[PDB]
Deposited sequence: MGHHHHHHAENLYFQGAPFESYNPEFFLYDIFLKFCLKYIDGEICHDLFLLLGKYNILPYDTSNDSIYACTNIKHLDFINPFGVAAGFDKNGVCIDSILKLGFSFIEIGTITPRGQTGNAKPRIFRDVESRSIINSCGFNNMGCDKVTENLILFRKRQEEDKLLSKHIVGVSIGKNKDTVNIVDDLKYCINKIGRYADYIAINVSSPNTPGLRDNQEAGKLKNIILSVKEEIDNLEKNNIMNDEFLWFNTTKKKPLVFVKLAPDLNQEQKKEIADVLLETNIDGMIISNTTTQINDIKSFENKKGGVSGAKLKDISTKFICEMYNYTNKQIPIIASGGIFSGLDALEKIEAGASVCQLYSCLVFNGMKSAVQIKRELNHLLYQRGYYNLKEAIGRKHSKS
């Protein structure tokens, strides 16, 4: 209980009941931009730290893509106690997205429907923002070791999806701790997808070539090493194409997989009966967890997993890991539970880890 968190969460509870979803979002992002949000300055339990390959996360909680699409509020979101943030999904050139209002929420069910249609300032401007953050990070004790990933995607009317992701890697790759391939927005063909992943890895490695500087100056990023490659998957898939994707990921030795994006396969919300778009929140929890189990099966525990979503509590979080999720991303929780989300969930998971018998977090990964 940090007083500052409780005070803001009254205003946020008010904002939730009354104000438009996206207008709130933008206001809080704006607040964070001018550095007036609370910090979590506490020490994270070394027993609860985690990693994906050589990418080390000080704690298992980050913020999902679509939250800070333009990377304007990275410091403050991180400093709420998150280990990482995944900015974007960015596109090569700026987009307005769909028509407003395009995001709607339901308190009762703790869910969100959205059809943003990939609005973002474009790569050039977002890269400009990330550079500015990376400079600050060198002069801020609270941002050390904190991971920033970049979710990349195509424009709504792109000629070929691969050519777009290359342009993005060329601008932002230097400054990303990892790259999340986004082709899972509700708003693929095995070989078509396989082609993409290999393009990305091939394209990242070209950045190391063309530079005359050592890697240490090559990576203006937390790792100081080349970006890892994650792929994000949509849940609305057959047991067949889920098998087909799993091999592709194995054949490309992809660094990890984000499971999962939003669904359209939910019909049982009375306020959502009106609206169009993908759905996230509590009603996505159980569907998303089964998906992780499934993809953990067809992958033989070889490719690490980033979990999302429906994650609101340490309990919810633990399910994902036992299922075998290495790390977790939150989006809906910050909307409903608020600014204490990171502090609350980290605490709750620390308690539960002890009671279940687990020594460290890593021992809980992939245990029924």
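Open item on the list: Lining up the deposited sequence with the coordinates, I want the ranges that have no C-alpha atoms.
Closed with: Since the structure holds only modelled residues, the stretches it omits are 1-21, 209-215, 397-400.
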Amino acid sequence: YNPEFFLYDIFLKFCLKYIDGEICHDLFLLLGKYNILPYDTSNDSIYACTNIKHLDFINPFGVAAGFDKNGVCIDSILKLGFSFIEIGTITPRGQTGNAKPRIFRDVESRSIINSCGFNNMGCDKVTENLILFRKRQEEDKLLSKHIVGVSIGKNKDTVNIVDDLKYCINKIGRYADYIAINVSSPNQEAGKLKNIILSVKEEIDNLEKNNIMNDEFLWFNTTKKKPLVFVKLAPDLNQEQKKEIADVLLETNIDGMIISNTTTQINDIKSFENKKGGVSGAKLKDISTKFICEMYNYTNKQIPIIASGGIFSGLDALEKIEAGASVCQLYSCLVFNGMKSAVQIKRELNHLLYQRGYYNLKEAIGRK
From here on, numbers count along this sequence of modelled residues.
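Take the two forms, superpose them, and find the largest set of C-alpha atoms that agree within 1.5 Å; that set is the rigid core.
- [ ] Please pick 5-13 or 350-358, whichever has its Cα atoms farther from the shown form in 9 other deposited structures of this protein after a rigid core fit.
- [x] Farther on average in 9 other deposited structures of this protein: 5-13.
TODO: Could you say which moves further from this form in 9 other deposited structures of this protein, stretch 151-159 or stretch 227-235, by root mean square CA distance after aligning on the core?
DONE: Farther from the shown form on average in 9 other deposited structures of this protein: 151-159.
Task: Between the two ranges 121-129 and 269-277, the one averaging a larger CA B factor in the entry - done: On average, C-alpha B-factors are higher across 269-277.
- [ ] Please work out which of 76-84 and 214-222 has the higher mean CA B-factor as recorded in the PDB entry.
- [x] Comparing averages over the C-alpha atoms only gives 214-222.
Task: Candidate set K141, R134, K194, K171 [ranked by C-alpha B-factor, highest] - done: Comparing C-alpha B-factors across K141, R134, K194, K171, the maximum falls on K194.
Task: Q302 - which third its CA temperature factor falls in, relative to the rest of the chain - done: As the PDB entry reports it, the C-alpha B-factor of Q302 lands in the highest third of its chain.
Task: Chain-relative CA temperature factor third for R356 - done: Tercile = highest for this residue's CA B-factor.
- [ ] Could you say whether, by C-alpha temperature factor, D177 belongs to the lowest, middle or highest third of its chain?
- [x] CA B-factor rank for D177: lowest third.
Task: Record-listed C-alpha B factor of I152: chain third - done: According to the entry, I152 has a C-alpha B-factor in the chain's lowest third.
Open item on the list: Please place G256 in the lowest, middle or highest third of its chain according to the CA B-factor in the PDB entry.
Closed with: Tercile = middle for this residue's CA B-factor.
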